[PDB]
Structure formats: structure tokens, C-alpha cells
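S.K.: Pasting a structure here, questions to come.
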Amino acid sequence: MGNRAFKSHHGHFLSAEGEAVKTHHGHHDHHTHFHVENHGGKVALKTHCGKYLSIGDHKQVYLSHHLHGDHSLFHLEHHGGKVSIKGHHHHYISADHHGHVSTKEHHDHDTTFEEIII
């Protein structure tokens, strides 16, 4: 159930910017948001009817199209007071503070965000 951004510590949340994706805090102008809607037995991310989260490997990230499966759409779920996002190869999607965004197999805080709305 979501319509905004994923926070990886009070330092910033995954969000949008012009024709690119980044992470930041609310301050200058409206922070362009993300829309999370359902797909099959999991959930997908979209915000322009033409872009879906996507990820390459090792530590590279990008955006693809609508799709049924996993990797492009995702399986994301709450976690006590936080949340976690997950694609194929049983990886979760990561944010290592200022280390930037990537993916990890583990599960704790390094790749678990909180959920901020509108």
C-alpha cells in the first residue's frame, strides 16, 4: 500500500528527480514520489507508466518496463518497524548509507528501509 519513498536511515529516502532516480530529504520544492501497486502475488514500482525498478548485478541499478515475475517488479514486505525489498537470486535491494544503492543477500539494517508516505 504505498505512494512515496523508501528511507535508509534518517539521512535520505529513494525518490525521483527529473529524468533520473536518486535519494534525498524533503526541503527544496516537492520531492517527486514513487507509486507501489500490486502484481500477481507480489508488488511493483511505477511512477510514469513506462518505468519499473530494475537491477543489473554486483552493485548496479536501473529502470525497466511492466513485467510479471521478479527483478523488474519486486516482492517487498514490512519488517517489525522497517521494510525490505527483494528481487531474484534471493537478493534484497540495498542502500549502505552514503555508500549508494546496490543489493545484498543478508537481511538486517544495511538493506532494510523505513516507509515514508505522503
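Residue names in the C-alpha cells use chain letters A, B, ... in the order shown, residue numbers from 1 in each chain, and ligand numbers from 1 in the order shown.
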Using DSSP on the backbone coordinates, identify the residues of chain A assigned to strand (DSSP E or B); present them as a PyMOL selection string.

M.R.: chain A and resi 2+5-7+13-17+20-24+27+29+35-39+42-46+52-57+60-64+74-79+82-86+92-95+101-104+113-116

S.K.: Can you pull out the residues contacting residue A:93? Cut-off 9 Å, using only C-alpha atoms, and skip same-chain residues under 6 positions away; I want them as JSON, numbers by chain.

M.R.: {"A": [55, 84, 85, 86, 87, 101, 102, 103, 104, 105, 111, 112]}

S.K.: Mind writing the picked residues with C-alpha atoms as a tab-separated table (two decimals), in the first residue's frame?

M.R.:
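Wrote it out as out31.tsv, contents follow:
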chain	number	residue	atom	x	y	z
A	55	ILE	CA	18.75	-4.01	-11.24
A	84	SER	CA	12.61	-4.77	2.91
A	85	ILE	CA	12.53	-5.07	-0.92
A	86	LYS	CA	13.53	-8.23	-2.83
A	87	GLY	CA	14.22	-9.40	-6.41
A	101	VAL	CA	22.35	1.78	-3.66
A	102	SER	CA	23.07	-1.89	-4.52
A	103	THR	CA	21.81	-5.33	-3.39
A	104	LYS	CA	22.63	-7.79	-0.65
A	105	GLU	CA	21.64	-11.35	0.26
A	111	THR	CA	19.44	-3.23	3.22
A	112	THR	CA	16.13	-2.63	5.07

S.K.: Using only C-alpha atoms, which protein or nucleic acid residues come within 7 Å of residue A:15? Drop anything in the same chain fewer than 3 positions from it, and give the result as a ChimeraX atom specification.

M.R.: /A:5,21-23,32-34

S.K.: Give me, please, the distance in Å between atom CA of residue A:107 and atom CA of residue A:57, quoted to one decimal.

M.R.: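 Interatomic distance, atom CA of residue A:107 to atom CA of residue A:57: 17.5 Å.
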
S.K.: I want to know what sits within 8 Å of residue A:63, based on only C-alpha atoms, with residues of the same chain fewer than 2 positions away left out; could you give that as a list in words?

M.R.: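 So, after excluding close chain neighbours, the residues are residues 51, 52, 53, 54, 55, 61, 65 and 72 of chain A.
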